[PDB]
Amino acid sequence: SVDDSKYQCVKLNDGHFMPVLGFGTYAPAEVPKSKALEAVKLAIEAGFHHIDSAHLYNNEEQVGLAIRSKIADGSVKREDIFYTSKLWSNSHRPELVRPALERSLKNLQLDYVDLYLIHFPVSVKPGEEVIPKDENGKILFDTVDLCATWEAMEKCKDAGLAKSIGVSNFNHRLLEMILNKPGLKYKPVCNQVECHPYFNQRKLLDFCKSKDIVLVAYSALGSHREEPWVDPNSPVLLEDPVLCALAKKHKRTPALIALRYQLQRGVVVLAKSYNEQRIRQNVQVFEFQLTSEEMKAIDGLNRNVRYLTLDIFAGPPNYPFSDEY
């Protein structure tokens, strides 16, 4: 309202600017994928300028319609929306990268994405199934050199189909593999990974900072907690007593504390909500600040709780979460 023409962004290592608060669009299987349309419209209306999705989420038709609808009605311009998609692991083969991006863009009915990520570093066999399995129920993994996948990502950026390219769920070793690649043209702008006060990623964050790679935090509110992907006996982040005490002190909410913690440590933070009140609330992250002693307290919550292990993909050497970081 006073001035919605400006918003907080960070400069990426390719010269583009990423808004530091992103809207998460994934919703669990029981929610119809038609509900994404209204939520993204509300997010844009509330002041979200970064919107995160993926081929895998099966929502790109709805997400794209929401964005085009808010442009067509004058609420926002394309250049003031930062839209992220992701390449699913059935399309890591380098010949399949551009086809997967074009398919996303066709669903979205947008001419480009602002950011395209390698979704998850374990490759699976190509085909229409997102999770291909053999007669024994075993996932059919694929042997793909991610360096060759990255080259294909770079060509997407050169063709203008993605303004920026980055990675997701990469560990130290995998990031170094890309950074040391022969003939590297574009460093990844970001590594999008799980990050919240119970798994604050300080080692991986500092490695990213040392390379001017932005860490983008997912499940920053403690995740969707969807079974079987998240164990229901994992601790509920937003019931943490230090977060709740800080929220009460600031007259905010635990969610807001968790989001603000990320902003102050130089992380770009995602937040999914399909609720009008919570969508609005989340944008209050820009209205208050945490002191150094509050930030120290939150750092003290770190406790090795990874909600999303994605261990259905464990086994191959690119499985990213068996290394320390």
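Just count from 1 along the sequence shown to find any residue number.
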Stretch with the higher entry mean CA B-factor, where the candidates are 137-145 and 97-105: 137-145
Greater mean Cα temperature factor according to the PDB record, 126-134 or 207-215: 126-134
Most elevated Cα B-factor in the entry, residues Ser223, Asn90, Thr84, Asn233: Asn233
Largest Cα B-factor, entry values, listed residues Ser34, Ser273, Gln262, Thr291: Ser34
Lowest, middle or highest third - CA B-factor, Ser69: highest
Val20 CA temperature factor, ranked by third within the chain: lowest
CA B-factor ranking of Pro197, expressed as a third of its chain: lowest
Chain-relative CA temperature factor third for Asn13: lowest
Relative C-alpha B-factor of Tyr112, binned into the chain's lowest, middle or highest third: middle
